[PDB]
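What follows is a short report on a single structure.
Along the sequence shown, the residues carry numbers beginning at 1.
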Amino acid sequence: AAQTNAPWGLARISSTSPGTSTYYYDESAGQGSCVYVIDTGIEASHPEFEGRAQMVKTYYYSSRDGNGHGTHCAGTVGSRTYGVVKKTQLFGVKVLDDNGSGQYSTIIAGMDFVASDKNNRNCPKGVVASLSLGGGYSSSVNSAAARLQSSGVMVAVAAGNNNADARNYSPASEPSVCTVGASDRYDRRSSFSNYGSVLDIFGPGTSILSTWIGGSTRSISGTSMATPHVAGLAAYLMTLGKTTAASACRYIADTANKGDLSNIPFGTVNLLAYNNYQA
Ligand SMILES: [Cl-]
């Protein structure tokens, strides 16, 4: 399948070169997979989600996304125009308030929720969790992410936006989950992207067009935007039968575009998420 005039990050994920604008993918499009977006919520009514999004949990007075961040991330995973896996099922878990903040205890509860809740859902091709969130190092937050991964969920987490070593942030620093840095449309490390040995992969994160609340769209930047490219890619590859939840981060690194990014510090992987889709 070909999507013309695609956001640059979707074209980049299906390309061996920067500078193209068509996204190419197998028409299976993550059907039969599930992605949990653990964030500020998802505006499930947005036409871009086509009824494939729903809120399953909130820790606040509403399940609605009063911020936009979670809607944007969910759009990069699985919206019809802005998404990597255009037929996945999206489940929203609101651990972040409408100011985009959340207590670590709530984030942990939301991870343990997804590990159980997947057993209430139909995801024959597998389960992914996308965590465009984090804060300072916490062994308890890393452990929660490790449990979720162990339970059979492909966990993708943002490296963080401090232009620093991600070893000092959680859940970025958890070794067993997929930690995602951000790049720009010229294959440079995004200026804000964390780096370090705990990164597994880079995905598009500068100037990413996706869904927003009020049935709208906008372009924003962050390792928050790179993470759902990888979460969507995992869901797509799991539907194709190419990998499993336990091995998808490894598989994505194995099949990445290698050595194409600039301003990658010595000792950080130079790997850019790639779907290796051949028509
Ligand atoms: Cl809910």
Side-chain angles (χ1 to χ4, degrees), residues 1-31 33 35 37 42 46-50 52-53 68-84 86-90 128 130 132 154 156 158 178 180-190 193 201-212 216-240 242-243 248 251-252 255-257 260-261 271-279:
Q3 179 191 170
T4 55
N5 293 114
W8 77 264
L10 299 193
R12 188 69 194 83
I13 279 235
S14 57
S15 185
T16 53
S17 295
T20 73
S21 57
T22 311
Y23 174 42
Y24 308 108
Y25 61 94
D26 188 270
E27 71 188 0
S28 61
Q31 182 172 184
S33 71
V35 185
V37 179
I42 308 173
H46 196 125
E48 275 285 316
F49 296 120
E50 310 183 297
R52 290 179 292 97
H69 183 270
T71 292
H72 196 278
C73 292
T76 300
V77 175
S79 69
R80 67 190 184 183
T81 306
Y82 309 97
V84 174
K86 296 174 186 301
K87 296 174 171 160
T88 197
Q89 292 285 141
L90 297 162
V128 183
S130 191
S132 289
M154 189 290 177
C178 208
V180 185
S183 61
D184 70 18
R185 71 175 68 243
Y186 298 110
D187 282 351
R188 307 174 289 212
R189 184 171 61 86
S190 301
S193 188
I201 194 67
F202 285 81
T206 298
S207 287
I208 303 308
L209 182 63
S210 193
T211 44
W212 200 255
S216 67
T217 65
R218 62 178 66 185
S219 177
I220 55 167
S221 295
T223 65
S224 286
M225 286 58 265
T227 299
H229 285 263
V230 173
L233 177 60
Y236 162 90
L237 293 168
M238 291 158 65
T239 285
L240 234 24
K242 299 267 200 209
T243 191
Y251 180 93
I252 289 168
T255 60
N257 287 129
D260 292 329
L261 299 175
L271 301 169
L272 178 65
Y274 176 50
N275 74 359
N276 199 24
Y277 174 65
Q278 307 306 335

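- Here the shortest heavy-atom pairing between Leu90 and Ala74 reads CD1-O, 3.8 Å.
- Between the side chain of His46 and the main chain of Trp212, a donor-acceptor pair closer than 3.5 Å is present.
- Using a distance-only test at 3.5 Å, with no hydrogens or angles considered, a donor-acceptor pair links the side chain of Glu48 to the main chain of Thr81.
- Contacts classified as salt bridge (charged side-chain N to carboxylate O under 4.0 Å, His left out) and involving residues 216-235 (residues at least two apart or in different chains) are not found.
- In terms of the side-chain hydrogen bond (donor to acceptor under 3.5 Å, both in side chains) criterion, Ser183 has no residue partners (sequence neighbours excluded).
- The shortest side-chain heavy-atom distance between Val128 and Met238 falls under the 4.5 Å cut-off.
- For the pair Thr255 and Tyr274, the tightest heavy-atom approach, listed with the atom from each and the gap, is O-CD2, 3.4 Å.
- The distance from atom CG of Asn257 to atom OG of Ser15, rounded to the nearest 0.5 Å, is 7.5 Å.
- In terms of modelled atom types and a separation under 3.5 Å, the side chain of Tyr251 and the main chain of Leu237 share no donor-acceptor contact.
- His72 places a side-chain N or O within 3.5 Å of a backbone atom of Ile208 that can act as its donor or acceptor partner.
- Here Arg188 pairs with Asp184 under the salt bridge (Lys or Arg N to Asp or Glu O under 4.0 Å) rule; sequence neighbours left out.
- Considering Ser79, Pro47, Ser216 in turn, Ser79 is the only one that fulfils the side chain to side chain contact (heavy atoms under 4.5 Å, CB included) rule with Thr211.
- Each of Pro204, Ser210, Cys73 was checked for a side chain to side chain contact (heavy atoms under 4.5 Å, CB included) with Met225, and the lone residue meeting it is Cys73.
- With a 4.5 Å cut-off on side-chain heavy atoms, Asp260 and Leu272 do not count as touching.
- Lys86 contributes a side-chain N or O that, together with a main-chain N or O of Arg80, makes up a donor-acceptor pair within less than 3.5 Å.
- Side-chain atoms of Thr239 and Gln31 form no donor-acceptor pair, as typed in the model, at a separation below 3.5 Å.
- Using a distance-only test at 3.5 Å, with no hydrogens or angles considered, no donor-acceptor pair links the side chain of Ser221 to the main chain of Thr206.
- Side-chain contact between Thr71 and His69 is absent, with no heavy-atom pair separated by less than 4.5 Å.
- Contact annotation: the side chain of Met154 never approaches that of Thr243 to less than 4.5 Å [non-hydrogen atoms, C-beta and beyond].
- The backbone N or O of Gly30 sits less than 3.5 Å from a side-chain atom of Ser33, completing a donor-acceptor pair.
- At least one donor-acceptor pair under 3.5 Å links the side chain of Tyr23 to the backbone N or O of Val84.
- Under a 3.5 Å cut-off, the side chain of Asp26 and the backbone N or O of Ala279 do not form any donor-acceptor pair.
- Judged by distance alone, the side chain of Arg185 and the main-chain N or O of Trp8 form no donor-acceptor pair under 3.5 Å.
- Across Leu271 and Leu261, no two heavy atoms sit closer than the pair O-CD1, 4.2 Å.
- Between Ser132 and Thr227 the shortest heavy-atom distance is OG-CB, 3.6 Å.
- For the atom pair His229 NE2 and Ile13 CD1, the distance stands at 6.5 Å (nearest 0.5 Å).
- Note: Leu10 CG to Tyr24 OH = 12.5 Å, rounded to the nearest 0.5 Å.
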